[PDB]
Structures are given as structure tokens and as C-alpha cells.
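A, B, C, D, E, F, G, H and I are the chain letters, set down in written order, and residue numbers restart from 1 in every chain.
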Amino acid sequence: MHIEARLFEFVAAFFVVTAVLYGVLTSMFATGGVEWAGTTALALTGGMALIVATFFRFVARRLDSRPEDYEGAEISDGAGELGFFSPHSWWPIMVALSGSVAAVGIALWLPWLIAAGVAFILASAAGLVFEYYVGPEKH
Amino acid sequence: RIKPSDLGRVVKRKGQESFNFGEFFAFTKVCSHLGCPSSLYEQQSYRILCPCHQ
Amino acid sequence: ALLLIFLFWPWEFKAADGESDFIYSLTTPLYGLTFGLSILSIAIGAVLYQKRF
Amino acid sequence: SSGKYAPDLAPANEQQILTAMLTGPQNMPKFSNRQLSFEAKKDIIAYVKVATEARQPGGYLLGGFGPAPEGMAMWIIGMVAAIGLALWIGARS
Amino acid sequence: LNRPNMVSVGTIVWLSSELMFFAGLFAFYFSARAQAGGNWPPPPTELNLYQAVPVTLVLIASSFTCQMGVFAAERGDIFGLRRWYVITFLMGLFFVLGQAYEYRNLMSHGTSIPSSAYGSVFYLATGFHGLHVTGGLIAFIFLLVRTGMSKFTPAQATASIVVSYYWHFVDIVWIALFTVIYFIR
Amino acid sequence: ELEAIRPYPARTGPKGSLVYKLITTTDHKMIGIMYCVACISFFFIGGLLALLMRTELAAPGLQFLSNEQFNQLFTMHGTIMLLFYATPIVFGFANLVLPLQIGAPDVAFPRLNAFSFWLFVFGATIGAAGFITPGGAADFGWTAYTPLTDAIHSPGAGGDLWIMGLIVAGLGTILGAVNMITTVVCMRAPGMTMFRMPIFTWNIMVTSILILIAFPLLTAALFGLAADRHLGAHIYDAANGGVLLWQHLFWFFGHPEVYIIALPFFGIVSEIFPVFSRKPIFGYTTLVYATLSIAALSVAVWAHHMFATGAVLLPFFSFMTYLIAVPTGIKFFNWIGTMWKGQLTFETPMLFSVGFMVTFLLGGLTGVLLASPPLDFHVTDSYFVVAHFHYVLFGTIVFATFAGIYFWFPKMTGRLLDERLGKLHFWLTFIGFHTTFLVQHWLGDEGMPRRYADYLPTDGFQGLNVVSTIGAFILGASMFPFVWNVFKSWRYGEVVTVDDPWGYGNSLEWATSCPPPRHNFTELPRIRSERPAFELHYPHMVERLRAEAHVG
Amino acid sequence: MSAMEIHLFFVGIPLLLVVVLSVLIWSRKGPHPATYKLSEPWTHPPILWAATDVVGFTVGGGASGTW
Amino acid sequence: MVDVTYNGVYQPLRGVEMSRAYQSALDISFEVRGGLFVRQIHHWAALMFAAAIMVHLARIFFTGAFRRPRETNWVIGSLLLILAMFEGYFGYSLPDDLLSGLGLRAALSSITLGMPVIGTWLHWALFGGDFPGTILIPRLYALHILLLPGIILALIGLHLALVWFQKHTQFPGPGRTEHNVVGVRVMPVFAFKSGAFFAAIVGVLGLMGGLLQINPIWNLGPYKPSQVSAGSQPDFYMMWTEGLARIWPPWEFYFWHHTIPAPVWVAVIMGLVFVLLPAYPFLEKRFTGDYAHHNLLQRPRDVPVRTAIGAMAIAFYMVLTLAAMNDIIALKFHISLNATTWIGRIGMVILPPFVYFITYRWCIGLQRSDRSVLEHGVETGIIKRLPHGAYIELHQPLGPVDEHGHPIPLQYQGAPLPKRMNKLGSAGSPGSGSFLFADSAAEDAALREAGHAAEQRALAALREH
Amino acid sequence: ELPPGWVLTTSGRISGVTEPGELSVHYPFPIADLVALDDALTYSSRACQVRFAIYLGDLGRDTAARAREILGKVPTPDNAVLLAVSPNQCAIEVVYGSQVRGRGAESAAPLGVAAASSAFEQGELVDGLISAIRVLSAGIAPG
């Protein structure tokens, strides 16, 4: 994963270089001085890459060698139990329907329908969250 | 009162040629569909609308 | 609270634009809110007592 | 019918109300000062301003339409709360 | 198995996308700020310094309590986790009421969304932050409800941690915005 | 022996075997299939839109269409093509092959995939539903400049639906890219190394990186635009610098919106070359370096759409664009050197690839010609740039998409498409496309700027439009043979059960059964190079492969 | 113009090229082998087919024939 | 109906000629402490009644309890639905405002006068002459207070008595059979839950009545023949008749000095809809040739044909109802009125077969999924690496297991089965704390073991018996 | 011997490849004809609830012995009817199963054999097999 961190920090360095060069070149030789619009975007995308690389480095600096990170490893080294995966389910289509309703409401100005869409969004999120935690009925 | 500009696209229904008077027509109000009064008139489109069933 | 709001609330019509009433419009909503909350709390207590005892 | 509609009078101001009546805009019947008295315009604008700007003494308003939104509200709120309470009280088996 | 956690990287990239959303918002705000000379804020506007700092202190205290909840979280204790999360939720609710009161005060004295450009950009910048704070409160409620309905697993701890540094990111962007607005001016 | 087998597999299967499975799905493969179907349908809608266009444009004068309808018409055509076909087809190929390419049993977030798919479908349905409005949909072009998109002009409901559809599609794309990044980074084969995966994975992950970099800015921009349209927030008023600001941000978002739709299909052609060339990929690490260089610099060249405004610094962005031109040439050189001195066999996929490189070559020449500021000062907004982006976009996307479909159809369905109909389709599409989109240079450099509803008989070019219409009509009917072939071969046609119908395959994909069961795996071979299935099927060729790996 | 003498080009140009390509390509030979002839010996290896529809060595009959 | 002057308290309505009943309604709404609240509660409760009866009829139709033992109950229910719908139609007409006046005028006058043979006789008998009569409103008031409510109450009592004597059905389950009933006794549970539900329904009615304004007659005006506007679309439980009137094409017949108008077809359609509702069980029993008793219902996914016909009917009703709301559709959403009318007209014919086929396929797919989950263990959502290189689902068997570890196939008994691991007891019941402080470990362990023992004992008693 | 392109995997499954320009069936029969015979076979097997198999190889030995030896390869030999045709030696045979007895098996072999033989002199074999399978399926009654 160290390769991914190196790539991310290279991207961060490139973004920082581009941002600082654009800022210094727009300070002078400009009709309107500082552009003040693209400079912010470049600066914060560089900051994004910086924080992502920092998080990856913090993860890398406190982790052991995984079989995929070790070339020449054998298949039985990775043998074990993987994470949990959701089988057949249907909540996401209902969540998407609620989101579409909310989008339609915020399209044409009808506050009642946007409130209904927000309520449906909350209900769909609640249904999604509890799909794998509700136990047997207490009866 | 119809606009005197056109006065040329009227039809003068077969038995009521002389009923009209210049810029006057004097149509009734009770719609023949169900009896709902129709009071929705557009001057530019010359269309009368019945609100009960469009 | 419902008893108090029924006894001592201004319910005579004064709605206009010369004076900001902001209260005459709040008689029926207050009545309904108090009534529904009271009896709904009673029902919730009853069902919880049944389901846990 | 066929496209154009009737706008809401909520964003209307009285001078423009009188002027719009007297002008006869698109799809609207033009009104002359001869057929309607000036006192009639004053009364009309007074009623228009009173009706919309007065607080409804029946709680939250539902758009001023007929009972179709009322039925929609019944189906979306009363039904949902009722079936939720039924499921809470009842059991599934 | 699974030395890293996919939820961690997913939340990291999601917060990255939201950080670029706030980048766009900052781009909207900083634009046209220099277009007005001298007193570029409209006179019918005066920020209340005596009320803005307390909500910032509220949010940083909530973030510290959330970190304490995390420290309780990596070990086997759910009840202290719930206590810390409830404290953070109450602190954030007090904050939210704070900017609601500030909102009520501001519009009552002139400046509104359609009034001036500065008012519009400030309102737009603060509204998304308020909405995201409310979403964070909703996430707190959902997560705390999920804790008490079943057994404790590392997935619950992962969800708590990701929500925690999402809140920390919210705190960081809020303090950055506050420094931009009330100090640099 | 004498194993008992059916004469044919089930044609359609048992009744009711698709609906509920589609609704309650969790499989990435069928999600990609639905992506492909939706892309094909939207491609059809936009294609009939464009045919109506080209039949109206010919025969100078207004025959049967009005100006505002024409304006709404190119708004919808451009929007549908740019943001409802290519972006979903990217995630379609993602869901089809990326978990299969890496070897992962499943995606990271199966729920999120269906969430994104349904969100995109709903957003497309809402946005495209602007034709039912009596006032119609939005009238401004897909550029959506500052002053025409406010409340004062275009006050119809179409703009709101357009904006909300774009918002929903962007959110779905963001979630899909997040899913792809998480799946690639977290899950992998146990013996798998990041320096051994096919180039398509590198292209898709840099593409997702660019997605996450670019898309949220559009969300903020459209939120601000909706706020202006519904509340009058004075954000984009002419009294302020919003005219430049909105253009800057929108182009900064949209130029990566076309750079994202090139790398994955470059990877597709890169992985389709070796199987027919019987040679290893050329400049592997060099290809990765060039992909990274394209991905990084694909974001700092946005201002080269501002030449006509005359308020930005020219030479810096000109130099940046001329720098970004080189890595595309490096990719092309790698591709052409891959197939040099090989046993190339002419089938439908490589013929589509040949057409792809031809069209992309011509488009790249036009683009590198376009980069000159003084040249753009005369040729901008003319049909020249129209031919430019038509060439590049169509030649990459349509050709590579059809080639990849022809390639991986047996992997998804276990059936092989006919080659005669494929050859006829390729020839007819190629002929129509170079016939209808060649002359617009001649029409464009002379006075005839884009998006015109009419012109005058006094000017010439009364026959060039006729030739363009003839070619466009020819291209319109070229899709029908492909549809008939696909529909016939879905149930009927040759059935392949032996692995890798196209022998000498690579990319680890040809080591499993042609009809892939759930979780996609029952065995795993050794991982020693970037051609594991090739070594597995021909173990006696390893020594030779390792011996002459650096002859040059 | 809407004249038929010039609409003839727009109508017939695609059809003639479609016909030419069809007679050039479709008239060629597919990879499907020809039908087995009874006079020709059964050079194909032995083959059996099973319905495999019902889901769940002793012999109780027989037959013979010589055409 | 004698004309009077208001001269009350509502200033914008002073000095206007008006009907006495409208004045009394205004008095109830404005000059009595809380009268508006009570009338709003009444109207909201009537809508509650209509929606509840519709939902109950739908559930009865889906469960298929309308077989031989209880056919007369179905006929009585159809009569109840028709009478309640007519009573509800008569409800909103007593305060004769513009909306109610227009609705009653249109419906009653046009339909009654449009009768081919009798026609004018019925209208003149009902109104006492022309349409606007001095006796119409008192007659409607009397019919709304006395005849229909009493008949409805008596018939409801009859239906309750019939369902009391003939024992209620039950869903299939572990300890359920066609010769016994599983449930709870009256004293400790049944009556208490009924009272709690009654209190809760009164609560929701009161809350939503106090929050939502309904039928603001004061905003309207007194009924006059010359006033009319877009105000239309009466109460939503007879709205289908209005939609049918709207969408019907204008076909007419002209023979010797006579004319039959279009709405006669609407009358024929509504009469046939009335006729078909009680006649359905006879048609089913003489079509399928089944004459067997049944005390056990069938889950909806088991019978495809009946579910398909139900989807047919509900889709037809929904498309007809939404057609009548055309004006609001074109207003809130900028759509052409004519386009929406044409859409409804064409959809009334083209939509039904599509949804019929779709729901048939849906039911078949549900049956297939149930068979599949019967064949193998329910999916646990866990995969294993299998160092030799495979991936397995690790199904959790629901019962007997063979020598190979693959559970032997079970049999379908029409009983629901869990589709998620958390539905069955796997890992639950966390610590004994309330919300912030845990309890003693011994108490939590004792509670856990007691609950497990109680649930196991209940399950064993139900399964064995 | 693991033909080039086929390699044994870790498990018992065999992974095999083929040159792109060739097929993987090599059946000298029309596609539509094979589809029709498969449809007839399926729609007869579902009704009769008895497995039916067709063999087109050579039986240059005791035809009855070879035919009864082949029947063991049926997934359910106890309930199955096998029809074998040897075009080189003109051998047509039909055999029964243990469970499929007394269900019209005896009253079906002569009719099906006669139909197939009569349909084999005009040069076609597939329609003859279809006719034989149809007539024997009609003869076979469930039980």
C-alpha cells in the first residue's frame, strides 16, 4: 500500500507546485490581479491529496505486511475468513426513489413535497441502517 | 365583444345567420355537457372553457 | 393544560391586517395538539404496560 | 387549457393589480373603467389584500385547493401512523 | 484478516469530496470580495463577535469529548461510549440553536438573502455547514441506537471511529471558515 | 466417459427469472449489464434527436421546426451524450470486469452499486422529462453561460429539471467512483502485487481519482445556480465578476469531464491488442508513467476554453496543453509498437480498434492544430471544433465500447456473436462516419458558426450539408444490424464452454468458467507476471518469455 | 428542396451500398459445417444427448432394427 | 334555503344574500367555542372511515377469505361499501357552498336527467320540480342523519355478529391446522389491546384534525347559479366517477325526436362496477370448479391469477382517480391539460395489461425464490478463502443435514421463512444497562438464560402441539 | 493427454482453450434443426417425467449388449428410455429402465422403431428421431 501512498504524495506535490506557480504568476502580469477562483480549488485539492497521503502513511506506519504486499506469497497464506457481505436486498432502490422525489421537489418550488421527500429520505436511511441488526420479534 | 379587426373567420351557424349583431354574440352559459356553468373565456384564443370537466 | 387552554384562551374573532393577532389562529391547533398528545400518551402507557408486564 | 395558466395573486401588489385589470394582458379579459366603477376597483383590491394576507383560523393551510390534497394527506399521514401503531400493538406470525 | 478497513478509506475519500464541496463554497465567497472597496461589508451589517466565539468553543469541546469517546471505544466499554456521544450530541444541539438564534437576529436588522451580495454569500456558506452538522447529529442518533440493539463487534467500533473523524473534519472546516470570516474580514 | 450434455442450453430460461432478481440484486455483473442497456437506450434517443437535427439543417430555411425547439434540441442532445451515456458506460465496464480483472470475489459495497445505478436511472428520467412542458426544457446549450441561465432569461421549468438531473447523476457518479476506489485499494488477490495488474485497472483508478477531484465542484456550482434562480442571490450578476467566475469553475469541472472518458478505453484497447498480436504489452511501466502524467496534468489546462474572452494569461495554458499532448503520443507509440512484427488476424474487435486509432489520430491532429491562440481567434465556435470533439469522442467511445462488447460477450453470457454481421456493421459505421464528418472543416473555417437554425441562400455550402445529411442517415441505420445480431445471439448462436474463446488471452480473466458462477472463482493459479492465464495454458513457454524480455 | 428528383439520392444512396455490402459479405461462407450425409460414414465421434429435465443399469426390454 | 342576510361577525361577508344553512355552518365554525375543531374532526374521521374500509376490503380480497364459508359476509361488505360511499357523498353537501352546490348539481342533475327511459320522473321526484328546490336540503339532511346511519349501524352489527359466530381464519404456521385456532384469550390481552388502539386512533384523529385545515367554507361563497371556477374534484372516495365522466369520449345517438347523452355510459359503467363486486365469489367458484371448505388462508405470492386480477383492478382505480386531478397536475407541474387528458385516456386502456403481466411475472419470481431458499440453506453473507482457491457461501441449514453436509431438501407448507440471519436468534440481547449505566453481571446473565429458556419452551410447546 | 490448451487445475475441473476462429461443438447439423429437436425432447420429457437419451454412435458388436451397457451413463438409469442409432450398420434400438415399466413401454418400442425406420429411408435422420420420440412419448403414460 506504500506504493499508493507514494503516488498520492506525488499527486499532492504536483498540485502544490501548480497552485503556487499559478498564484505567483497571477499576482503580477494580470489585468485583474489575483484570480482568487482557481487558486482556491488548486490549493484545496492539493490539501486533499496531502491529508489522504498522511492518513495512508499513518495507516502504513502502524500495520503489518499483508500477503498481497509481499511478492512471492502463496495462496494458503491468505486463507481465512473475509468480511461480511450483504446478500440479496432491495432497500437501495427505495432510497434512490426517495432521493429522486426530493430532487424533483427541490427542482420546482413546492415546500410540502420537499418536506415529504426529506421524510422519505430519513425513513429509507433508517431502513438501510437496521437491515442487519433487528433481531427476532419479541411477540 | 369580439375584436372588430378580424370579423371574417366566423361561421354564422346554418339557422342563425342574422342572430349576431356586429361585435356582439350573446352566448348562453349552461354547458351542454353536464350543466356546469362555464365562465372561462380567453380573448386571444377565442376559446370558452368549462371548469368542471375541461 | 387542555382544560386551562379551553377555559382561558381568546377565541373571539379579531383577525385582520390592522393588528397582528398571531393568537386567534392558534386556538384550534392548540386544542387538537393538547387532546391528541394527552390521549396518545395514555395509549402509549397502556400498550407499554401490556407489553412489559 | 393548452399551456398558459392563472398565476397566484400572493406576489401581487395593489397598484399593479388595478393597472393589470385596466390593461388587459395576455389571455386576460380587458376591463374598462366605464363598465366597472372606481369604488368597485377599491373594493376588489381591498378584498384581495384581506383574503390572502389574513391568517387562516384553521391551523396549517393546504394550498387553498379542494379535497384532493386533503385525501393525499390522509393517505400519507393517517394511514402511515395508523399502520405503524397497528404493527406496534400487534404481532407478526 | 483485513489488516486495513475499507470503511476507513471510503469515509476518507467521502470527506475529501465534501472538502472539495466546501472548496467550491469558498470559491463562491472569496469571489467579488475584492470587487467592493473600503467597507466591503454593507453598513446594515455588523457581526456579533461576542456570540460567534462561544459556538466555536462549543464545537471544539464537542470534538474533544468525541475523541474521549473514541478512546473509550477502542476498548471494551459501550456505556462510556454512549455517555460521551450523548454529551457530544447535546453540545452540537446547543451549537445548532446558537446559529439559529444568530440567524434570527441577523435578518431582523436588515440584511437578508435577496438584500446584498455579502449577505447572500455568507448565508450560502453557513447554510451547508449547518445542514452537514444536522446530518452529523442524525448519524450520532442512528449509531447510538444501533449500539444498544445487538452485540458488540469491530464493525461498530469502525462506524464510531469514522463518524468521529467526520465530526473532526467538520470542526476543522468550521474553524477555518470562522477564521476566514470573523478575523481576516 | 461419454458424458451426457444438452444439445442446447436454455434459450430464455424459466418464466419470471429476471424481474425480482433485478429488483433485489447484489451482483455487479448484472448491474453492469443494466448500465450497458441504459446506455444503449439513451444512445438511441440521442441518435434519433441528431437525425432529426441533420434532416432539419439541410434544405436551407425553416421547413417544419422552430428556433426554440431547435435550441432545446441541441441542449438535450449534448446533455444526453455527454452526461448520460459515457459516464454510465464507464461504471458498466467497471462492474463487468474490474472485480473479475483483479480477482476479487466481490465488490466492496454491493449495496452502493445498486444505489448509484438506480440514482442515475432516476436522475436521467427526471432530467429527460422536460419535453412534456408546454414551454419545453432548457433552451441554453450545454455550455450554460452566466447571464442566460439566471431567472431573468429562460424562466421555464426545464432548466430546473436539467440542473437536478445533472446533480443526481453527479452524486451517483461520485458514489460509484468511491466504490471503485475502495474495491481496488482494499481487496486484491493474495499473491497479487500492484506492479503486476493490467493497465485497465490503473486507468480506471486514475479515472476515479479524477472523478473525486472534479465532480463536487459541479454540485456546488449547480446549488448556487439554483439558489440564484429561485431566490435572487446576486451570485452571477453582471455587476460582479460572476461572468468570469462561473465560466472558470464550469470549465474547470467540464474539461476533466472529457478527460475522464478517454483513459479507461485506452486501457481497453491496450488489453485487446495483445490477444490478437500474440505479444506482450509494450512499455508497461512507461505506460503506467504516462497514465499518471496524463491524470495529474489533466486538471491544470482548463483555461484554454477562454481564448475568445481575452481575460486570461495565454502562454502558460498554451504551454500546459502542448505538454499534455505528449503523453497521448507516448500511449499511441506504445500501442503501435506492441503490434509491430506480429501475427495479426483480422476479426471484428481488432478492426474496430483499427478504426479507433484512425479516428483518434485524425481527432488528435485536429486538436493539436486547435491549441494555437491566434488560430482559435478565427476558428473558435465554428464547425472545426465541432468536428474536433466529434472525431475524438466518437472514435474512442463508440468503437472501443463495441470492441469490448464483442470481446467480453462470451465472458458474460457464454455465447459468441457472429463475425459477418460484425464486419458489415463495422464497415458501414466507418463509411458513414468518415463520409458525414469530413467536410465540416471546409464548412467550418469559412463563416458558419455552430448552433444555427438557418442561413441564407446567398451563401454557398448548399451541398456540403446535403452530403453530411446523407452520411448521417447512412450512420443512423447502421446500428440495426448490431441490434439484430445481439438479440439473435443472446438466445441462439454459437455456445462456448471452453475457457478463453479468443485463445492466447491475458489479464488473469481466462482462468475461470465462461459462465461465471457467484463469487466468480473456484480455483486460483500462481501469479508471477502480468500474463498468468497465458503462462498457465502454455507452461512450456515460460523460459522463452523470461529469456527474451529485453531484446528491444 | 422537397423535390422528388433530388430526394431520390437521399432515399436510394444508402440502399444501394447496403445491397452491395450484403452481396459481398453475407454471400460468403460461414464456419458452420454442412449437414451430415447418410452415404458419408459417421466420421464424427460418438455423441449422446440428455434432456436433463426431471430432478431426483437394470434392463427390462429391448429392440432391434436394420432400416 | 330561504334567503337571509349574514350581519354576523365575518366582516368580508357582511350584507350578502345567502342561504340559512350556510349561515348556520358559519355560526358553528366561528361563533361557538371550538365548533370548527369538532366539525374538522368529523370530516377527517369520515375520510379515515373511507380509507380504512378500502384498505380492509383490499386485504380481504388479497387473503382470499371470501370462499364458501363466508360468501354472505362478502356480499354484506359490498353493500356496506356502497352505502358508506353514498353517505359520504351526501356528507359534504349540506353546507351548500359553491363546491358542494356545483358537485351535487352536476352529478345528480346530469345523471338523473340523463336516464334514457324514466329520466325526468326521478329528478322531479327527488327535487320536487326543477333542480333548485326548497325541499332538497332538508331531505338530504334527514337522509344523512337518520336512514343511512341507522342502516349502516345495523348492517355493521350483523357483520360483526357473523364474524363472531363463524370463527376467524388464521395464517399457516407451525402449530396451525384446519381444525383449530391459535391465538390469545380475551380477558388479559384482547380487550386491552382494542382499547389502547381505540385511544391511539382517537389521538391521531385529534392531532391531525387540529393541525390540518379542511373545507374552509368561509373562504368560499354562498351558492348561486352564476358563480363557478376551477373548484372541482370532490372527496377522493367517489373521485373515480368524476374521472370516468372526464375521460369518456363524446359519443351520442340521435333517432326520432330523442337523444341519449354521453353520461349514460358512465351510469352503465358504475352500475356494472356495483354489480361485479358481490358477484365475484360466484364467478370464481363456478369458474375454477372448487367447492371445498377452507379455514386457512394463502399467502399472496402463492396464487398468481387472483393477485394479477387484484393488480388489474387497483391499477385501473388508481389511473382513473389520478385522471380527475388533471388540473392540479397541469398547475403544479407545467404540463399541457390536453396532453394529460390524452395520457389518461390512452393509459386507461394500455396500462392495465402491462401491470397485469408484470405482477404475474413478479408472483412467479417470488415462488421461484421461495423454492430456491427451500432447496438450500439461507445465505449467511460470509465467504471463505478455501486455500485451494475457492469461495463458498457457507449456507446455514434449517434442519436435517445429510452425510455430505448439504442439507436435505425440505417441503413447502405455505409458511413464511426468514430470509436474513438476524431474523433468527444468532447474536442479540446486549448488556442489562438502561441507557448509560450497566447492571450487575449476574443479573444480566440470569435475564439472558431466563429469556432463552422461555423462548425455547414456547417454541417447543408450539411445535410439539 | 491434456490436449494443448487443456490443463488440469488444483481441483478436478479442467480448463481448456481454443483457437479464436473455431467453434467448440463441431456438430454437422443445422442450428434451427438442433434447437427444434431439443425443444421436442424437453417438452416430451416434462410431460412423460421420464428421461430420454439419443445416441448416434456406432455399435459394431452385439447391439443389445452395447446398448444396455451405455444406459449406465444415464444420470437416472432406473427411469430412462434410450434410443440409439448407428448410421454405419443401420442399427436402431430402444431400451427400457427398471422404474419405467408397465407405463406403455412395451406398446411404444415397435411403433417408435417403425416410425424412425420409415423416416430414415428418405435421407433425413433428425426428423425421424423427432417423430419416434413424439410417438413414444404419446405412448408412454405417467405412473
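Criterion: contacts are C-beta pairs under 8 Å (C-beta built on N, C-alpha and C of every residue); 3 or more make two chains touch, one makes a residue touch a chain.
To keep track of the chains, here are their UniProt names: E = Probable cytochrome c oxidase subunit 3; F = Probable cytochrome c oxidase subunit 1.
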Fill in the blank from the handout: Maximum distance between Cα centroids and subunit G occurs for chain C
Practice task
Check D-H against F-I and say which one is joined by more contacting C-beta pairs.
Solution key: D-H
Exercise for the section: Among all other chains, pick the one whose mean CA position is farthest from the mean CA position of subunit D. Expected result: I
Completion exercise
Distance between the CA centroids of subunit B and subunit C (whole Å) is 53
Practice task
Find the geometric centre of each of subunit C and subunit G from their Cα atoms only, then give the gap between the two centres in Å, rounded to an integer.
Solution key: 80
Handout entry: Separation of mean Cα positions, subunit D and subunit C [Å, integer]
Key = 27
Problem - Distance from the mean Cα position of subunit F to that of subunit E, given in whole angstrom - result: 38
Problem - Contacts with two or more other chains, residues of subunit B listed in rising order - result: 54
Problem - Shared interface positions of subunit F, touching two or more other chains - result: 2, 4, 6-7, 105-106, 134-135, 157, 185, 190, 213, 217, 241, 245, 249, 522-524
Exercise for the section: Hunt down the residues of subunit G that sit against at least two other chains at once, touch-wise. Expected result: 46, 48-52
Handout entry: Interface residues, subunit H side, partner subunit I - complex
Key = 388-390
Exercise for the section: Sort out for me which residues of subunit F touch subunit D in the complex. Expected result: 134-135
Exercise for the section: Going by the contact rule at the top, pick out the subunit H residues touching subunit D in the complex. Expected result: 12, 30, 36, 40, 44, 47-48, 51-52, 55, 92, 99, 171, 173, 193, 196-197, 200-201, 204-205, 208, 210-216, 219, 230-237, 239, 325, 328, 330-331, 334, 336-338
Exercise for the section: Spell out the part of subunit F that touches subunit H in their complex, as residue ranges. Expected result: 14-21, 105-106, 132-135, 156-157, 190, 518-524
Exercise for the section: Spell out the part of subunit H that touches subunit B in their complex, as residue ranges. Expected result: 102, 105-106, 109-110, 225-232, 245-246, 262-263, 326-327, 337, 341
